[PDB]
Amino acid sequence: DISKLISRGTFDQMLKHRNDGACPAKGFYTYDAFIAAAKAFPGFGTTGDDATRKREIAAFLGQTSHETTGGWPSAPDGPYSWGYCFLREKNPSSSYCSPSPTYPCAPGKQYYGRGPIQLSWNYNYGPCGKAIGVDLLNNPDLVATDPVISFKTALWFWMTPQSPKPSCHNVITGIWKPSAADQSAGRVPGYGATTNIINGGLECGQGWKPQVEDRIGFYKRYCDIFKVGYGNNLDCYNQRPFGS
């Protein structure tokens, strides 16, 4: 179980300020919910040598910390201590409903960002819910009211390949082998390629971006706390985005 590799103390040290009065998700994101969710995803934080398992947990908590960050440059303990500050997308101006024979939008329900990966759109809530065994198409706000389901949605995203994207899991553990195509595109194994899978269309292949800097700051601080090296290729600044 990953509970040996990441203790309650280490988890609370990494996510130091998530329960500060200013954070809307205060009290929601629990160590027990993270550990219970990880059990549902064999291989998560249990793949590779100890250093690689810690890099995987740091990378998962890093990327999710970015998606939910309340950080700012002069934040107490730095901006990479303010992961998991929010739960629901701020001021959504869409239902995130998209034409689909397979994933009909449920009446009165919205598919705005929820939980540690800010899961969005009926066509993501559908296959995610199917995968974890919950009807998230018809009960989307479970991602913001059930903290085990919340973490499961983010682990579903992390562990699930989506052609032509490999899984973040396979990238960070070194299971993923770049294609000749990938190598020409500058898509090399490491933390950078997890950013590319998450939001490469907007964030990768356009040089320095404060968003990608933020994803890296979290990953580095968590690796520092775990006492493991970052590995290589942390940015995607020269990576062509993975396809959709």
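All residue numbers are counted from 1 along the displayed sequence.
Mean CA B-factor, 187-195 versus 54-62: the higher value falls on 187-195. As the entry records it, the average C-alpha temperature factor is higher for 45-53, out of 45-53 and 64-72. Based on the entry's C-alpha B-factors, the most elevated value among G78, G83, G115, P101 belongs to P101. Annotation for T145, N170, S120, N138: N138 ranks highest, by Cα B-factor. The entry lists a Cα temperature factor for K109 that places it in the highest third of the chain's modelled residues. When all modelled residues of the chain are sorted by CA temperature factor, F151 is found within the lowest third. Among all modelled residues in its chain, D32 ranks in the lowest third by Cα B-factor. In the deposited entry, the Cα temperature factor of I225 sits in the bottom third of values across the chain's modelled residues. Ranked by Cα temperature factor within the chain, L234 sits in the middle third according to the deposited record.
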